[PDB]
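In PDB author numbering, the protein residues as written are 1 to 515. C-beta atoms are modelled at their ideal positions from N, C-alpha and C, and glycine is treated no differently.
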Amino acid sequence: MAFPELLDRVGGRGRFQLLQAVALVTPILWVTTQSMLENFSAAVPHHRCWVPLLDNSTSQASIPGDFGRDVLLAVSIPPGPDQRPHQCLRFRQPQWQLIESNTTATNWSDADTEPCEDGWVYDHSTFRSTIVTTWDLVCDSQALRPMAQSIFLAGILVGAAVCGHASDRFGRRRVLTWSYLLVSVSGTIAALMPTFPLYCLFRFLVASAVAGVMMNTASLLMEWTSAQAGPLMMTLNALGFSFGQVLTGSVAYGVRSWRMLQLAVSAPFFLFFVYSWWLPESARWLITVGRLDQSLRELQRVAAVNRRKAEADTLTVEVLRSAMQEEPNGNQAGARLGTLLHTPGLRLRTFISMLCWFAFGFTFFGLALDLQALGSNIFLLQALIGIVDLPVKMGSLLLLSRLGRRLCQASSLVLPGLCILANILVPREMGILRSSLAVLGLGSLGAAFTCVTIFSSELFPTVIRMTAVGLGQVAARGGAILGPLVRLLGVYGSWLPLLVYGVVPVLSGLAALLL
Ligand SMILES: CC(C)(Sc1ccncc1-c1ccc(C#N)c2ccccc12)C(=O)O
């Protein structure tokens, strides 16, 4: 007797599945919050060079003449390109000549200015303090935020790999609960460190544990149900992320100091760890290893939950042993990576599939972590990304049946791509339309992820199917690391980052219909 018959006589759609779906989807919201917090915990508020005559009340008490604050600001700080005071320069000697309008204040050499040797002054209109304010990553080290985000994503990658191996060797629920605890502890410790490298290291560990819990949640959610309702489980696991975006919006609107926000986001994972003990472990994996009694215990439990004790009373050890004998082998795992490239018919089916996976990690994270520039109100913008995602996410599954197979993937990438290209041409005065085009861009990229998981399976044969979706996972992560690093090239122009981020999916999507 095979395992599906046992899962059939125990219950696949019973209430137990609903309870487990709720209890495992709820933490996905907070995982999304931890992943997206870098948009609010490290914002860049306005800044100007520290001034002796403006800031120090000692010199403020000795000022000859009661001039307006705008006058003093014009005297101390040269103007900038946006008619605002310059952000990294200061007049070395108070220039009183600038007051007279008879002299056109335009011939100022950089030799008359000096770098800010007395710190900076930030505005506290909407943010009380962020790490940009705390450690002054401005005007010389402004390239240290993409470094932090790249470190976070590298942490996700390494943690995913290590936790995958460990969960294959140890179990699902064990690695799940220990990853919960690791997220909680590492977040708590990261919310109090005094210097920057320690903050980076503990963000690394947080991301590793988050990758672990995400993968194990996916596996456990898919495994304990029948093959009929799998895609519904994947759909719920996808909706978790959008609801997490909305939660991030609300929570960030709540708290404005990066330490308290970080603690509030990292707290409830201990509560999740505290109740992760009552969930029954996966029985199929236990059958694979060979601990039959444990599997029978878990099966009797889950059957007793669904009010199906009578039929499960017949379960015995020998039928589980025969099921183990019917379990397939994974010895061939070594040569699957080779034959994916060796056979010509399978070479091209991969080189296109990865560019579908790589284009998502590169375009999404390169923008969704820079919501400061693509609009004005961050709290409302962060919320709309999650709200719009659901209509597109539900609509895309409808479009599958009507427009066909090949035309689904190609369509769900050109549309998010062309909106980013149109961002530069739209005049800077029309701020409303510039923001609305950004939301539809980042929002529609949610359904782009849902489709590639579905189309990954039907392309490759079932023998090597697990391997192909595996490599698609690495190219998606390995591309995310190169996401934020692109924003370094903004020094050449403010439009160039918006050019690279949108051309990649269009060149990916239009090339995906060739399958
Ligand atoms: C899962 C990752 C590593 S990305 C990621 C990293 C950290 N935390 C959440 C996500 C994430 C994954 C799939 C999503 C989808 N759809 C999604 C949607 C919104 C927000 C986050 C994600 C990937 O590249 O596969």
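Check whether the Cβ of residue i sits closer than 8 Å to any heavy atom of ligand 1, and report yes or no.
| i | result |
| --- | --- |
| residue 244 | yes |
| residue 481 | no |
| residue 149 | no |
| residue 31 | yes |
| residue 450 | yes |
| residue 252 | no |
| residue 473 | yes |
| residue 156 | yes |
| residue 35 | yes |
| residue 394 | no |
| residue 183 | no |
| residue 25 | no |
| residue 214 | yes |
| residue 366 | no |
| residue 359 | no |
| residue 446 | yes |
| residue 272 | no |
| residue 477 | yes |
| residue 210 | yes |
| residue 269 | no |
| residue 455 | no |
Residue i: which of the options sits nearest, CA to CA?
| i | options | result |
| --- | --- | --- |
| residue 247 | 385, 81, 13, 438 | 385 |
| residue 413 | 341, 179, 283, 504 | 504 |
| residue 267 | 186, 256, 506, 328 | 186 |
| residue 485 | 140, 149, 71 | 149 |
| residue 481 | 77, 253, 269, 204 | 204 |
| residue 511 | 456, 354, 242, 463 | 354 |
| residue 74 | 253, 188, 101, 402 | 101 |
| residue 131 | 37, 509, 407, 282 | 37 |
| residue 95 | 117, 471, 71 | 71 |
Only counting the same chain, and skipping five residues up and downstream in sequence, which positions put a Cβ closer than 7 Å to that of residue i?
| i | result |
| --- | --- |
| residue 105 | 98 |
| residue 219 | 172 |
| residue 230 | 222 |
| residue 158 | 208 |
| residue 420 | 441, 498, 501, 502 |
| residue 371 | 39, 378, 381, 382 |
| residue 145 | 42, 137 |
| residue 16 | 302, 305, 306 |
With a CB to CB cut of under 6 Å and the five nearest residues on each side skipped, what residues in its chain are close to residue i?
| i | result |
| --- | --- |
| residue 434 | 426 |
| residue 496 | 489 |
| residue 263 | 191 |
| residue 417 | 502, 505, 506 |
| residue 468 | 460 |
What three-state label does DSSP hand residue i in the structure shown?
| i | result |
| --- | --- |
| residue 467 | helix |
| residue 492 | coil |
| residue 115 | coil |
| residue 91 | strand |
| residue 165 | helix |
| residue 50 | coil |
| residue 120 | strand |
| residue 85 | strand |
| residue 268 | coil |
| residue 280 | coil |
| residue 497 | helix |
| residue 79 | strand |
| residue 101 | coil |
| residue 242 | helix |
| residue 457 | helix |
| residue 436 | helix |
| residue 129 | strand |
| residue 257 | strand |
| residue 520 | Given that the chain is displayed from residue 1 to residue 515, the structure contains no residue 520 and the question cannot be resolved. |
| residue 58 | helix |
| residue 396 | helix |
| residue 372 | coil |
Going along the chain, which residues of its own chain have a beta-carbon closer than 8 Å to the beta-carbon of residue i, five neighbours each way excluded?
| i | result |
| --- | --- |
| residue 60 | 53, 54 |
| residue 119 | 50, 136 |
| residue 215 | 160, 163, 164, 167 |
| residue 12 | 225, 226, 228, 229 |
| residue 177 | 273, 276, 277 |
| residue 288 | 324, 327 |
Point to revise | Sufficient close CB pairs (3 or more, under 8 Å) joining the segment 16-29 to the segment 334-353 | key: no
Review point. Is the segment 307-319 close to the segment 256-276, with three or more CB pairs under 8 Å?
Key: no
Review point. Do the segment 232-250 and the segment 387-395 make contact, defined as three or more Cβ pairs closer than 8 Å?
Key: yes
**Study point:** the segment 105-118 contacting the segment 84-92, beta-carbon criterion three pairs below 8 Å
**Key:** yes
Check your understanding: Is the segment 148-167 in contact with the segment 469-479, if contact means three or more CB pairs nearer than 8 Å?
Key -> yes
Check your understanding: Does the segment 443-458 touch the segment 375-383, meaning 3 or more C-beta pairs lie closer than 8 Å?
Key -> no
Exercise for review: Please determine if the segment 320-331 and the segment 288-298 are in contact, where contact requires at least 3 C-beta pairs separated by less than 8 Å.
Suggested key: yes
Check your understanding: Does the count of Cβ pairs from the segment 243-262 and the segment 25-36 closer than 8 Å reach three?
Key -> yes
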